[PDB]
């Protein structure tokens, strides 16, 4: 037929269409809903940078005073993705808002499809032409962090890391292949010079997408180092390999130069002159390898008298010297050697991040190959066989590209071991080496013959071997696509309760029009951010867990205290004010210390921070992880007697009982700010009032069609019914049920000792509080009382109501309470009763103006009897 020299493009097109179905069509209904949902968190910060860059085109900010309030943080996100989305938005006339997000959602998907090309190139320039076709197909179905970070809506720079790293290695090894065996006058032609120039541009674009992309230079230097010290071992045109590297690194340094001075110091992620020195310094190291080979060529190592081994040895001594004599700038070493800390994380606080946890390990510290299936499918094991075979073949053929690919493979495996995120780097590794595996078997099992016997050839073809070549193609491709089809059917991002709450914040908190204007200003790059930023108008901060910082800035257009850059977390052990030391504050006086230092005016708390994410906040605040279970106790159990019990230790739980897989928090938890805010609805606090709460968790919103959420008994039976139903399958109860179970445990363990109850009802997913000076209600009191209590009923915008209590002790025959709610406020969460203030046997009722709450007015209210 016509597929002659042309099937290889027929598979690439089919591979691209499979990639489109997984990346664009599968998560389509998850990205395009009630709004355009960019996935995760970081795609929302790129969206922030892009609509600012579009407004100030062609200029770009390198420091953001919005996030990390009130200090601002330097922007490490690369100019590649920022300028790509910015130009893409202008071409489609989408400069902000939902229309801009719809354009940005396709960029990660297109990068995932386009990755077929650099994977083909790298595989062809190392192995053969058939294997490059398998690798292109396999990279179209590999799941895990590669597929999820290249899906529709996940406009992050991780796909462009993988795209440009593989592009750099392919173009570099293509340049070495086009240059080897030729003299310099031939390699100096424009046709030959184009190959290392292209390789240098791909390296520059790699760094321009990721400040830590300079790591490609020591990897390429590792190619030359091992090719030199093994001159009799490996067979490589070392002189032309050195010259390709010189041109490649010089061009890359020129590409990086115009972006090199946007950080006031050396940095490995921020766009600083450190990366410029790594690229420029790599060019002179490659130029030093030029002399060592030019000296070995003439025979300089035998005239001095060291032997053929001398040339390897002088490389080793200079590898030690040329680094040792680079003490001319010790900050360079400190940042260069800093890479070894990247794959290690004894921080513990950092461990609580979902993307950083080490591969091959459970949250119990035991080896596992379970993520290898969930992230690569069969390609991992098919990839190891291709790696081991490549090592076997390298020891026989001694091809240099096969050696460099192995070095790349082993370096990416160490990074994969460190953090599970770097699976987006190892994805192209298993796809390339499984292609090497499947290509070996397809030739030895006569499938390459039967394919050409199918049209226009004659071969001795064993259908028994062909049937098995088809059967292991099954095993490599089918279970891999199964996981990719499932994982691509949903996309992450904020839920409606988070989005609705944040849009409400943007339109119902003061200065929304000033924040909107300041959101698009081209901020100057400061020399330091250790002092609070000098804002052009009176700003305020919004404190929450660091997960939601980008959502706060991009959706609410408000300045968050903490962000997904793990900035603004703070801790308690050092009294560093931040998110953790605020939400784990054990009394309101300490939380006011943290809030005042950070100029906090608003608090956003969700049910996640209340339940399953509270453990991380105690880990950050305390630093030590075993020092964090102090906030936790035992478990609930459904015993064979048909009753529900509670035990401190697992041994106290009776046999045949059914253990709700939910660790009930300790008494210390219920005294912290997160409990007082979300689980007690702000009761007991004098400087905070609830102003807005979102809808319920979806499960309980569904439950309310047949459950009376004003009936504590009906809620309790429903929560206990669900918890057992899901404990039967070893699954935790839903979040809305975890909150109800948390409230039930407080009433059965720590309530009777105090007298302040909590309604067993559920509540809204996201809750917003405003920081208040507070109306000071002070007055005289009778002769023999030591305590004064305040009572008021609050009703939220979801028609849910709760009690606000506060108790103070009498001193000098006088009480003083500070009240955060008012009775003429504009907020959708209002009190429906006056304040009932009790002083022993004397009761009085008071209503408070909003002006007295804002300005902290003192009100005299005596509760005294003669007696």
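Positions refer to the first chain, counted from 1.
* Between 141 to 149 and 226 to 234, which has the higher average C-alpha B-factor in the PDB entry? -> Looking at the recorded C-alpha B-factors, 226 to 234 comes out higher on average.
* Looking only at CA atoms, which has the higher mean B factor in the entry: 369 to 377 or 555 to 563? -> On average, C-alpha B-factors are higher across 369 to 377.
* To do: Report the option among 272, 177, 786, 605 whose CA atom has the maximum B-factor in the deposited record.
  => In this record, 786 carries the highest C-alpha B-factor of the candidates.
* **Identity of residue with top Cα B-factor, from 201, 109, 741, 317** => Spelled out: the listed residue with the top C-alpha B-factor is 317.
* Against its chain's modelled residues, does residue 694's Cα B factor rank lowest, middle or highest third? -> Its C-alpha B-factor belongs to the lowest third of this chain's values.
* Chain-relative CA temperature factor third for residue 465 -> Within its chain, residue 465 is a highest-third residue by C-alpha B-factor, going by the deposited values.
* Asked: When the modelled residues of the chain are sorted by Cα temperature factor, does residue 774 land in the lowest, middle or highest third?
  -> It falls in the middle third of the chain.
* **Ranked C-alpha temperature factor of residue 516 among modelled chain residues, by third** => Bottom third by C-alpha B-factor.
* If you rank every modelled residue in this chain by C-alpha B factor, which third holds residue 840: lowest, middle or highest? -> As the PDB entry reports it, the C-alpha B-factor of residue 840 lands in the highest third of its chain.
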